[PDB]
């Protein structure tokens, strides 16, 4: 059947599309089941179909975003903005609420507006991918580097707006975000920070402006459609050196993290954002599962040994990168070797030393950590046929007991539901994003529902232990937000109150982060 928006008839919906076409042109509104199949979640979760868009609209400018919002308010059409819509692992381009219209801001609004070499910033529209920006910086002989995620096909803006992470010293994307322009839910356009001051050259220079600081309210949020965003760019250092440390035992995690913290807290000698990847995660980047095991259920421990042997890796695999003058790189590599040396069976490789099949990730990290975007990590999805992943992304203290507790908790449930648990601890100064990627066969209905059931259990099992997620899939947003329920759900009530006063007709991305407008609360979609 035709996907229509909640409470909107065929007749009123065809009026609504015609008006979108008036604004953007007829080629830039997509409305047929065929055309829309490309905007389904590529990695669907649950057996029952969900998150189905009713149309895709691609505006060329801010002026058109506004007119689209107005139309959507007049007609009661929920809108779900994206940049490039590559939020794979969290829903793709697919909207939380079935029947929403996707506003793909990145199709046509993809200009790099300014890259200022002197102040080390860039002003970007939301269609600028990491590749685009990288390509610009190469062409103009730039002395700046971008900070990217594992996959560079996503948007600098879109990724920042979901508080994604990268791996250079500028890994925390939202921290370095500086000013933004946004269309609010009734059509008004606003600029934050020093951009509210007309004629200011400080919009990308000073983030805060004057009065309350609102920029975070437009992250993981449905409070507006962002049309421009600035971001600081780090200077390319004179030299770098990436390294791998392999650790043999699963139980080495505790000690790894406890040794790490005093070296990370000060941003030296661990200058970048280290990553501790388990063997399923590294194996999956270079090989298929049927190369190690072709039986049923959890990979047995002898098969885990073959992966570690052939590829010459540990169960745990620490990847890091150092930057600066060559005498500094060596001092710091020296300190790191001394500390992690304690762990029996720890082995060290720099990016110069290792160039085999197992080294393919080290070589990939050394690109990423030097702000060169890659698609090498797409190979992960060939672990099994019709491969897809979901992100279960709890936050952990930089404490080996907490991490070992989370690891065992997750593994206990991943084996119970027959899913392989690829693990990647991404390590900040004071906390760790514990990304648990469960890779699975998207074709099979039972694999998908087991993924959904399994992750619903872990959200609740994690919350009961005091752990929360930093980011989650469409299908888990209500469940995740339901865990942030201190003071009788105070945080949610606050968010719903702001939502209702900026978005009286409940128009922008309803359900995002479990925040629904008055008119959807209680309906269970």
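Residue numbers count along the first chain shown, from 1.
- Query: For the C-alpha atoms alone, is the average B factor greater in 228-236 or in 373-381, going by the entry?
  - Reply: According to the entry, 373-381 carries the higher average C-alpha B-factor.
- Could you check the entry and say whether 407-415 or 97-105 has the higher mean CA B-factor? According to the entry, 407-415 carries the higher average C-alpha B-factor.
- Query: Between 368, 276, 180, 304, where does the Cα B-factor run highest in the record?
  - Reply: Of the candidates given, the C-alpha B-factor peaks at 304.
- From the list 354, 389, 433, 264, select the residue with the highest C-alpha B factor recorded in the entry. Largest recorded C-alpha B-factor: 354.
- Query: Taking the entry's C-alpha B-factors for this chain, is residue 473 in the lowest, middle or highest third?
  - Reply: Its C-alpha B-factor belongs to the lowest third of this chain's values.
- Message: Split into thirds by Cα B-factor across the chain's modelled residues, where does residue 84 land: lowest, middle or highest?
- Response: Middle third - that is where residue 84 ends up once the chain's C-alpha B-factors are sorted.
- Item | Position of residue 17 among the chain's modelled residues by C-alpha B-factor, lowest, middle or highest third | Its C-alpha B-factor belongs to the highest third of this chain's values.
- Query: By its CA B factor, does residue 309 count among the lowest, middle or highest third of the modelled residues in the chain?
  - Reply: Highest third of the chain for residue 309's C-alpha B-factor.
- Message: Among the modelled residues of this chain, does the Cα B factor of residue 139 put it in the lowest, middle or highest third?
- Response: For residue 139, whose C-alpha B-factor we compare with every modelled residue in the chain, the answer is the highest third.
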